[PDB]
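With mmCIF, N, CA and C atoms inside, this is target06.cif:
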```
data_query
loop_
_atom_site.label_atom_id
_atom_site.label_comp_id
_atom_site.auth_asym_id
_atom_site.auth_seq_id
_atom_site.Cartn_x
_atom_site.Cartn_y
_atom_site.Cartn_z
N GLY A 1 -19.33 47.37 8.40
CA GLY A 1 -17.97 47.73 8.77
C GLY A 1 -17.14 46.53 9.17
N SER A 2 -16.56 45.85 8.18
CA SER A 2 -15.74 44.67 8.43
C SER A 2 -14.78 44.92 9.59
N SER A 3 -14.76 44.01 10.55
CA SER A 3 -13.88 44.13 11.71
C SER A 3 -12.50 43.57 11.40
N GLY A 4 -12.45 42.28 11.07
CA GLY A 4 -11.19 41.64 10.77
C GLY A 4 -10.12 41.95 11.79
N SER A 5 -8.87 41.61 11.46
CA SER A 5 -7.75 41.85 12.37
C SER A 5 -6.47 42.13 11.58
N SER A 6 -5.57 42.89 12.19
CA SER A 6 -4.30 43.23 11.55
C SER A 6 -3.23 42.20 11.88
N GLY A 7 -2.74 41.52 10.85
CA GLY A 7 -1.71 40.51 11.05
C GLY A 7 -0.38 40.91 10.44
N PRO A 8 0.47 39.91 10.16
CA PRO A 8 1.79 40.14 9.57
C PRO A 8 1.71 40.62 8.12
N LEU A 9 2.76 41.27 7.66
CA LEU A 9 2.81 41.78 6.29
C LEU A 9 3.03 40.64 5.30
N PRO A 10 2.46 40.80 4.09
CA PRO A 10 2.59 39.80 3.02
C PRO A 10 4.00 39.71 2.46
N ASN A 11 4.62 40.87 2.26
CA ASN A 11 5.98 40.93 1.73
C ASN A 11 6.84 39.80 2.30
N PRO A 12 7.75 39.28 1.47
CA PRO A 12 8.65 38.19 1.87
C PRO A 12 9.69 38.64 2.89
N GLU A 13 9.74 39.95 3.14
CA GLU A 13 10.69 40.51 4.09
C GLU A 13 12.01 39.75 4.04
N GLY A 14 12.46 39.41 2.84
CA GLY A 14 13.70 38.69 2.68
C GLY A 14 14.13 38.57 1.23
N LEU A 15 13.20 38.14 0.38
CA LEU A 15 13.48 37.98 -1.04
C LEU A 15 12.83 39.09 -1.86
N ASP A 16 13.66 39.91 -2.51
CA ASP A 16 13.16 41.01 -3.32
C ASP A 16 12.54 40.49 -4.62
N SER A 17 11.47 41.15 -5.06
CA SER A 17 10.78 40.75 -6.28
C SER A 17 11.29 41.55 -7.48
N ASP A 18 11.04 41.03 -8.68
CA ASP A 18 11.47 41.70 -9.90
C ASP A 18 10.55 42.86 -10.24
N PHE A 19 11.14 44.04 -10.45
CA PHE A 19 10.38 45.23 -10.78
C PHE A 19 10.53 45.58 -12.26
N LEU A 20 9.48 46.16 -12.83
CA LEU A 20 9.49 46.54 -14.24
C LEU A 20 9.04 47.99 -14.41
N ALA A 21 9.95 48.84 -14.86
CA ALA A 21 9.64 50.25 -15.07
C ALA A 21 8.98 50.47 -16.43
N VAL A 22 7.82 51.11 -16.42
CA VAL A 22 7.09 51.38 -17.65
C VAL A 22 7.89 52.28 -18.59
N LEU A 23 8.46 51.68 -19.63
CA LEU A 23 9.25 52.43 -20.60
C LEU A 23 8.39 53.41 -21.38
N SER A 24 7.14 53.03 -21.62
CA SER A 24 6.20 53.87 -22.35
C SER A 24 4.76 53.52 -22.00
N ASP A 25 4.03 54.50 -21.48
CA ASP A 25 2.64 54.30 -21.10
C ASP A 25 1.94 53.36 -22.08
N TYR A 26 1.10 52.48 -21.55
CA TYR A 26 0.37 51.52 -22.37
C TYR A 26 -0.89 51.04 -21.66
N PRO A 27 -1.93 50.74 -22.45
CA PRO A 27 -1.88 50.86 -23.91
C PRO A 27 -1.82 52.32 -24.37
N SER A 28 -1.90 52.52 -25.68
CA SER A 28 -1.86 53.87 -26.25
C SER A 28 -3.18 54.59 -26.04
N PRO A 29 -3.13 55.93 -26.05
CA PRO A 29 -4.32 56.77 -25.86
C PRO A 29 -5.27 56.70 -27.05
N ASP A 30 -4.94 55.86 -28.02
CA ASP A 30 -5.77 55.69 -29.21
C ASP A 30 -6.50 54.36 -29.18
N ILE A 31 -6.04 53.45 -28.33
CA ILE A 31 -6.65 52.14 -28.20
C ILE A 31 -7.33 51.97 -26.84
N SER A 32 -6.63 52.36 -25.78
CA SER A 32 -7.17 52.26 -24.43
C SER A 32 -6.33 53.07 -23.45
N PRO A 33 -6.90 53.35 -22.27
CA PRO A 33 -6.23 54.12 -21.23
C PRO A 33 -5.07 53.36 -20.59
N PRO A 34 -3.92 54.04 -20.45
CA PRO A 34 -2.72 53.44 -19.86
C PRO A 34 -2.87 53.18 -18.37
N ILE A 35 -2.74 51.92 -17.97
CA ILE A 35 -2.86 51.55 -16.57
C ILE A 35 -1.58 51.86 -15.80
N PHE A 36 -0.46 51.89 -16.52
CA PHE A 36 0.83 52.17 -15.91
C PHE A 36 1.59 53.23 -16.70
N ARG A 37 1.44 54.49 -16.30
CA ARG A 37 2.10 55.59 -16.97
C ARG A 37 3.61 55.38 -17.00
N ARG A 38 4.27 56.00 -17.98
CA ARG A 38 5.72 55.88 -18.12
C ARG A 38 6.43 56.28 -16.83
N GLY A 39 7.56 55.64 -16.56
CA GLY A 39 8.32 55.94 -15.36
C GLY A 39 7.74 55.26 -14.13
N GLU A 40 6.50 54.79 -14.24
CA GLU A 40 5.84 54.12 -13.13
C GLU A 40 6.49 52.77 -12.85
N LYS A 41 6.66 52.45 -11.57
CA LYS A 41 7.27 51.19 -11.16
C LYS A 41 6.20 50.13 -10.92
N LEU A 42 6.47 48.91 -11.39
CA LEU A 42 5.53 47.81 -11.22
C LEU A 42 6.24 46.57 -10.68
N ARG A 43 5.52 45.78 -9.89
CA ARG A 43 6.08 44.56 -9.31
C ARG A 43 5.66 43.33 -10.11
N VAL A 44 6.63 42.48 -10.43
CA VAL A 44 6.35 41.27 -11.19
C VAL A 44 5.53 40.28 -10.38
N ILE A 45 4.27 40.10 -10.78
CA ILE A 45 3.38 39.18 -10.08
C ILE A 45 3.51 37.76 -10.63
N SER A 46 3.39 37.63 -11.95
CA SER A 46 3.50 36.33 -12.59
C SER A 46 4.20 36.45 -13.95
N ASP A 47 4.94 35.41 -14.31
CA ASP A 47 5.67 35.40 -15.58
C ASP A 47 5.06 34.38 -16.54
N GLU A 48 4.54 34.86 -17.66
CA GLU A 48 3.93 33.98 -18.65
C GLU A 48 4.55 34.21 -20.03
N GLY A 49 5.66 33.52 -20.29
CA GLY A 49 6.34 33.66 -21.57
C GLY A 49 6.79 35.08 -21.83
N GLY A 50 6.33 35.65 -22.94
CA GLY A 50 6.70 37.01 -23.29
C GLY A 50 5.90 38.04 -22.53
N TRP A 51 4.73 37.65 -22.05
CA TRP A 51 3.86 38.55 -21.30
C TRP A 51 3.78 38.14 -19.84
N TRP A 52 3.85 39.12 -18.95
CA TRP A 52 3.79 38.87 -17.51
C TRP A 52 2.83 39.83 -16.83
N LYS A 53 2.45 39.50 -15.60
CA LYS A 53 1.53 40.35 -14.83
C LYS A 53 2.30 41.20 -13.82
N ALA A 54 1.87 42.44 -13.66
CA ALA A 54 2.51 43.36 -12.73
C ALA A 54 1.51 44.36 -12.17
N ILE A 55 1.85 44.97 -11.03
CA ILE A 55 0.98 45.95 -10.40
C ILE A 55 1.75 47.21 -10.02
N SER A 56 1.11 48.36 -10.19
CA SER A 56 1.74 49.64 -9.87
C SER A 56 1.76 49.87 -8.37
N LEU A 57 2.93 50.23 -7.84
CA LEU A 57 3.08 50.49 -6.42
C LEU A 57 2.57 51.88 -6.05
N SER A 58 1.97 52.55 -7.03
CA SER A 58 1.44 53.89 -6.81
C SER A 58 -0.09 53.88 -6.81
N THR A 59 -0.66 53.17 -7.78
CA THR A 59 -2.11 53.08 -7.90
C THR A 59 -2.62 51.74 -7.40
N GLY A 60 -1.83 50.69 -7.62
CA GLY A 60 -2.22 49.36 -7.18
C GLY A 60 -3.13 48.67 -8.18
N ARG A 61 -2.93 48.95 -9.46
CA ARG A 61 -3.74 48.35 -10.51
C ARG A 61 -3.05 47.13 -11.10
N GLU A 62 -3.75 46.00 -11.10
CA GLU A 62 -3.20 44.76 -11.63
C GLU A 62 -3.55 44.60 -13.11
N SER A 63 -2.52 44.56 -13.95
CA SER A 63 -2.72 44.41 -15.39
C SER A 63 -1.58 43.61 -16.02
N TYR A 64 -1.77 43.22 -17.28
CA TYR A 64 -0.76 42.45 -17.99
C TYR A 64 -0.17 43.26 -19.14
N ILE A 65 1.14 43.47 -19.10
CA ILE A 65 1.83 44.22 -20.14
C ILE A 65 3.05 43.47 -20.64
N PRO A 66 3.41 43.71 -21.91
CA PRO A 66 4.57 43.07 -22.54
C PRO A 66 5.89 43.57 -21.97
N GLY A 67 6.78 42.64 -21.64
CA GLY A 67 8.07 43.01 -21.09
C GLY A 67 8.72 44.14 -21.85
N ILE A 68 8.50 44.18 -23.16
CA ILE A 68 9.07 45.22 -24.00
C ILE A 68 8.58 46.60 -23.58
N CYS A 69 7.33 46.67 -23.14
CA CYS A 69 6.74 47.93 -22.70
C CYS A 69 7.31 48.36 -21.36
N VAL A 70 7.99 47.44 -20.69
CA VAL A 70 8.59 47.73 -19.39
C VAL A 70 10.09 47.42 -19.39
N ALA A 71 10.76 47.80 -18.31
CA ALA A 71 12.20 47.56 -18.19
C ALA A 71 12.54 46.95 -16.83
N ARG A 72 13.34 45.89 -16.85
CA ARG A 72 13.74 45.21 -15.62
C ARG A 72 14.60 46.12 -14.76
N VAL A 73 14.00 46.68 -13.71
CA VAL A 73 14.72 47.57 -12.80
C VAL A 73 15.68 46.79 -11.91
N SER A 74 16.82 47.40 -11.60
CA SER A 74 17.82 46.76 -10.76
C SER A 74 17.82 47.37 -9.36
N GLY A 75 17.88 48.70 -9.30
CA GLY A 75 17.88 49.38 -8.02
C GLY A 75 18.04 50.88 -8.16
N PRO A 76 17.83 51.61 -7.05
CA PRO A 76 17.94 53.07 -7.04
C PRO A 76 19.38 53.54 -7.19
N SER A 77 19.59 54.85 -7.09
CA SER A 77 20.92 55.43 -7.22
C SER A 77 21.22 56.36 -6.05
N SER A 78 20.27 57.23 -5.73
CA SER A 78 20.44 58.18 -4.64
C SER A 78 19.83 57.64 -3.35
N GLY A 79 20.68 57.37 -2.36
CA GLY A 79 20.21 56.85 -1.10
C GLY A 79 21.23 57.00 0.01
#
```

How would this structure read if it were set down as structure tokens?
Amino acid sequence: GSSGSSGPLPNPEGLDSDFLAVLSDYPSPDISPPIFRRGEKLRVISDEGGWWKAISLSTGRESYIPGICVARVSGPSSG
């Protein structure tokens, strides 16, 4: 039972990160299981040319998907 200790949050609590909304679940159900279902929001972890790394704020799965498969989110509407 790891004891450890609770410290400060990782979030930059100042600079917002780039989010990418899954335009279409990927990969396809014919090649592999989709790590980020459509409509799912993901946080931009790293940018590598046309392909970047992101993680789902719902499941917390780290995977690499093509920007085309996702959409650069700007912000909410109802608040």

### Summary
Residue with the minimum atom-to-atom distance to residue 43 in chain A, picked from A:65, A:71, A:58, A:19 with only N, CA and C atoms counted, is A:19

Could you expand the PyMOL selection byres ((chain A and resi 26) around 8) into the explicit residues it covers here, written as a PDB file with N, CA and C atoms, in the coordinates of the input?
```pdb
ATOM      1  N   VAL A  22       7.820  51.110 -16.420  1.00  0.00           N
ATOM      2  CA  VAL A  22       7.090  51.380 -17.650  1.00  0.00           C
ATOM      3  C   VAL A  22       7.890  52.280 -18.590  1.00  0.00           C
ATOM      4  N   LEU A  23       8.460  51.680 -19.630  1.00  0.00           N
ATOM      5  CA  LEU A  23       9.250  52.430 -20.600  1.00  0.00           C
ATOM      6  C   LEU A  23       8.390  53.410 -21.380  1.00  0.00           C
ATOM      7  N   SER A  24       7.140  53.030 -21.620  1.00  0.00           N
ATOM      8  CA  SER A  24       6.200  53.870 -22.350  1.00  0.00           C
ATOM      9  C   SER A  24       4.760  53.520 -22.000  1.00  0.00           C
ATOM     10  N   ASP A  25       4.030  54.500 -21.480  1.00  0.00           N
ATOM     11  CA  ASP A  25       2.640  54.300 -21.100  1.00  0.00           C
ATOM     12  C   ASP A  25       1.940  53.360 -22.080  1.00  0.00           C
ATOM     13  N   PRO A  27      -1.930  50.740 -22.450  1.00  0.00           N
ATOM     14  CA  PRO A  27      -1.880  50.860 -23.910  1.00  0.00           C
ATOM     15  C   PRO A  27      -1.820  52.320 -24.370  1.00  0.00           C
ATOM     16  N   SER A  28      -1.900  52.520 -25.680  1.00  0.00           N
ATOM     17  CA  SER A  28      -1.860  53.870 -26.250  1.00  0.00           C
ATOM     18  C   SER A  28      -3.180  54.590 -26.040  1.00  0.00           C
ATOM     19  N   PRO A  29      -3.130  55.930 -26.050  1.00  0.00           N
ATOM     20  CA  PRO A  29      -4.320  56.770 -25.860  1.00  0.00           C
ATOM     21  C   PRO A  29      -5.270  56.700 -27.050  1.00  0.00           C
ATOM     22  N   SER A  32      -6.630  52.360 -25.780  1.00  0.00           N
ATOM     23  CA  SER A  32      -7.170  52.260 -24.430  1.00  0.00           C
ATOM     24  C   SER A  32      -6.330  53.070 -23.450  1.00  0.00           C
ATOM     25  N   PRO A  33      -6.900  53.350 -22.270  1.00  0.00           N
ATOM     26  CA  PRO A  33      -6.230  54.120 -21.230  1.00  0.00           C
ATOM     27  C   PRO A  33      -5.070  53.360 -20.590  1.00  0.00           C
ATOM     28  N   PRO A  34      -3.920  54.040 -20.450  1.00  0.00           N
ATOM     29  CA  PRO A  34      -2.720  53.440 -19.860  1.00  0.00           C
ATOM     30  C   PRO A  34      -2.870  53.180 -18.370  1.00  0.00           C
ATOM     31  N   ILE A  35      -2.740  51.920 -17.970  1.00  0.00           N
ATOM     32  CA  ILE A  35      -2.860  51.550 -16.570  1.00  0.00           C
ATOM     33  C   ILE A  35      -1.580  51.860 -15.800  1.00  0.00           C
ATOM     34  N   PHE A  36      -0.460  51.890 -16.520  1.00  0.00           N
ATOM     35  CA  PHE A  36       0.830  52.170 -15.910  1.00  0.00           C
ATOM     36  C   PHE A  36       1.590  53.230 -16.700  1.00  0.00           C
ATOM     37  N   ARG A  37       1.440  54.490 -16.300  1.00  0.00           N
ATOM     38  CA  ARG A  37       2.100  55.590 -16.970  1.00  0.00           C
ATOM     39  C   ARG A  37       3.610  55.380 -17.000  1.00  0.00           C
ATOM     40  N   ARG A  38       4.270  56.000 -17.980  1.00  0.00           N
ATOM     41  CA  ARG A  38       5.720  55.880 -18.120  1.00  0.00           C
ATOM     42  C   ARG A  38       6.430  56.280 -16.830  1.00  0.00           C
ATOM     43  N   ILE A  65       1.140  43.470 -19.100  1.00  0.00           N
ATOM     44  CA  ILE A  65       1.830  44.220 -20.140  1.00  0.00           C
ATOM     45  C   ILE A  65       3.050  43.470 -20.640  1.00  0.00           C
ATOM     46  N   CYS A  69       7.330  46.670 -23.140  1.00  0.00           N
ATOM     47  CA  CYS A  69       6.740  47.930 -22.700  1.00  0.00           C
ATOM     48  C   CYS A  69       7.310  48.360 -21.360  1.00  0.00           C
TER      49      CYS A  69
END
```

### Query
Skipping near chain neighbours, those fewer than 4 positions away, what residues fall within 8 Å of residue 66 in chain A using all atoms listed in the file, listed as a PyMOL selection string?
chain A and resi 50-53+70-71

### Query
By how many Å are atom C of residue 39 in chain A and atom C of residue 9 in chain A apart?
24.8 Å

### Query
Could you pull out all residues of chain A with a DSSP call of strand (DSSP E) and give them as a count of residues only?
27

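Here atom C of residue 45 in chain A is placed at a distance of 10.1 Å from atom C of residue 62 in chain A.
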
### Message
What's around residue 44 in chain A at 10 Å? Count only C-alpha atoms, leave out sequence neighbours fewer than 6 positions away in its own chain, and write the answer as an NGL selection string.
### Response
:A and (17-20 or 52-56 or 64 or 72)

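When all atoms listed in the file are used to measure the gap to residue 67 in chain A, the shortest distance among A:13, A:49, A:31, A:79 belongs to A:49.
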
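The space separating atom N of residue 68 in chain A from atom N of residue 30 in chain A comes to 18.5 Å.
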